[PDB]
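Commentary on secondary and tertiary structure
Listed below, chain by chain, are the residues.
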Amino acid sequence: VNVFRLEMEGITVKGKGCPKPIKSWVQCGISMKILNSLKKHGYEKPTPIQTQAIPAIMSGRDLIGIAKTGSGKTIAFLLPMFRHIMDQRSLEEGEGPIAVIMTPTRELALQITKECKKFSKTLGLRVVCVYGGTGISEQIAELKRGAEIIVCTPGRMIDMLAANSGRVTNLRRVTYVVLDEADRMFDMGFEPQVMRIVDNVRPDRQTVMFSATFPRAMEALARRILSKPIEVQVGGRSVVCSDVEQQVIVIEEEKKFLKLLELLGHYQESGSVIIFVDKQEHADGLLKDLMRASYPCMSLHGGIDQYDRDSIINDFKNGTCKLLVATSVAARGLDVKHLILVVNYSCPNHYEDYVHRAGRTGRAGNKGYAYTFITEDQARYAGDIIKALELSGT
């Protein structure tokens, strides 16, 4: 029932027919060797980019993932590919790899080969040992004995394809095409080499691309080579609106009412504002304290009747009530044009309620103000609030 909490963690997902992210590597549909390598490497919890890319690579569809530096994109490209190679074994033909990994640098290709050897440890699968600027005879002797994956330079791959040392057959040769640092491969320098690498490939083969940054033109150039791609970045799915300004202040539980009274008294946050509370009794007490302080305020919660809540909503929409106290039920789905300010005095336990409270004000391209009071008790939601502020650009 907590499938929405994995998507709210902050992982923009785009595409049709996207599988659910896995919580751990033990229930991700991986083989025994990949799980043994993950247990030997010391991975207790998987990365969110890895949890978004591993079912998309296990399902057999094209995926394009973007994340920060050092997030584990090489392991996220090597582990489901090795799991699909171990689960669906094929005949190791001559001079034909089952996977093609493209790296723009020789040191990056050597690091990808070392990561693939560490992910395929305690097994007979040796992928590749080749780099640019070295002896081609040793690389040909290493590739002639058997090659599972092909992680090298595009120039070395073009030289191997021109000298008939390595190529992709038409019927069944490779099933996955990995592209590490796809922003550099889609540039003007590596365009015809990547075009000749993608042209001489099998028709029934998946294409994977991973990079730290991704421009619009590079993504538009890379989307033409893939067939129905699935995008995975951060953050978009269940994220806060960028048009509404978010503010977080560190105050106590008793000082929150004084901060709200100072924002209503000194600043212009009293009129046309929606105040989110934790419970209905606390919202009624805050509404009574606002009405006792010579300020017109209305309240809408589950403890009140439906007609009184409708009258309070009509008074907030018409302009009769300056402030409107509401619970978490009115945070999502409410589309009021008068709600310009969103005062979150009580922080919710879930980030989706805070995202719905921030998105309730300043919609349809308009600006908005959102001020939330962060306390010491909401320490678990502070990381989610920081991730939402980093995704929304606040």
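Residues numbered from 1 in each chain as written, not as in the entry; some residues may be left out. Part of a larger assembly, values for the part shown. Heavy atoms only, no water. Residues with missing side-chain atoms left out of burial classes, pairs and counts.

- What the entry reports as its method is cryo-EM, with 3.00 Å given for the resolution.

1. Structural notes on the overall build of the chain
- Each helix and strand in the chain was counted, giving 15 helices and 13 strands.
- Rg of the C-alpha trace for the chain: 27 Å, well past the compact-globule value of 21 Å for 394 residues, more than 25% over.
- In terms of overall dimensions, the chain has a C-alpha envelope of 90 × 40 × 35 Å along the principal axes.
- Across the chain, the fraction of contacts at a sequence separation of at least 24, relative to all contacts at a separation of at least 6, is 89%. (Helix = DSSP H or I, 4+ residues; strand = E, 2+ residues; numbered from the N terminus. Rg over C-alpha atoms; globule rule 2.2 N^0.38 Å. Contact = heavy atoms within 4.5 Å.)

2. A few points about the environment of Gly 65
- Tracing the sequence through the fold places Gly 65 in strand β2 (residues 63–66).
- With sequence-adjacent residues up to four places away left out, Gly 65 is seen in contact with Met 209, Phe 210, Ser 211 and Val 232.

3. A look at the UniProt feature "short sequence motif: Q motif" in the chain
- Residues annotated in UniProt with the feature "short sequence motif: Q motif" correspond here to residues 23–51.
- For residues 23–51, the end-to-end C-alpha separation is 7 Å, with 48% helix and 0% strand making up the annotated structure. (UniProt positions renumbered as here; feature names shortened; annotations may be inferred.)

4. Quick notes on the sheet that holds strand β5 (residues 176–180)
- Read across the open sheet, the 7 strands follow the order β1-β7-β2-β6-β5-β3-β4; overall the sheet is mixed. Here the strands that pair on one side only, and so sit at the sheet edges, are β1 (13–14) and β4 (149–152).
- Examined bridge by bridge, strand β3 (residues 99–102) and β4 share 4 bridges and lie parallel to one another. Opposite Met 102, over in β4, you have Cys 152 as the bridge partner. (Pairing = 2+ DSSP bridges.)

5. A closer look at the sheet that holds strand β8 (residues 244–250)
- Within the open sheet, the 6 strands sit side by side as β8-β13-β12-β9-β11-β10. Their pairing is parallel. Of all the strands in the sheet, just β8 and β10 (297–300) have a single pairing partner and so form its edges. The sheet shows a mean angle of 20° between the axes of neighbouring strands, direction not considered.
- As paired elements, β8 and strand β13 (residues 368–374) share 7 bridges and run parallel to each other. Its bridge partner being in β13, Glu 245 is matched across the sheet by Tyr 369. (Axes fitted to C-alpha atoms, helices over the stretch in contact; angles between N-to-C directions.)

6. Comments concerning unusual backbone geometry
- Residue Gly 235 is bonded to the preceding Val 234 through a cis peptide linkage, with omega at 0°.
- The phi dihedral of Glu 95 is positive, around 60°, even though this residue is not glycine.
- One non-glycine residue, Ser 238, lies in positive phi territory at about 50°.
- Mapped onto the elements, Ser 238 comes out in the loop between β7 (230–232) and β8.

7. Observations regarding the pairing of strand β6 (residues 206–211)
- Judged from the 4 bridges that link them, β2 and β6 form a sheet pairing that is parallel. Looking at the pairing, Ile 66 lines up with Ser 211 of β6.
- Taken together, the 5 bridges between β5 and β6 define a ladder with parallel strand orientation. Its bridge partner being in β6, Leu 179 is matched across the sheet by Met 209.

8. With respect to the pairing of β3
- Relative to β5, β3 is paired through 4 bridges, and the arrangement is parallel. Residue pairing in the sheet places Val 100 in a bridge with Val 177 of β5.

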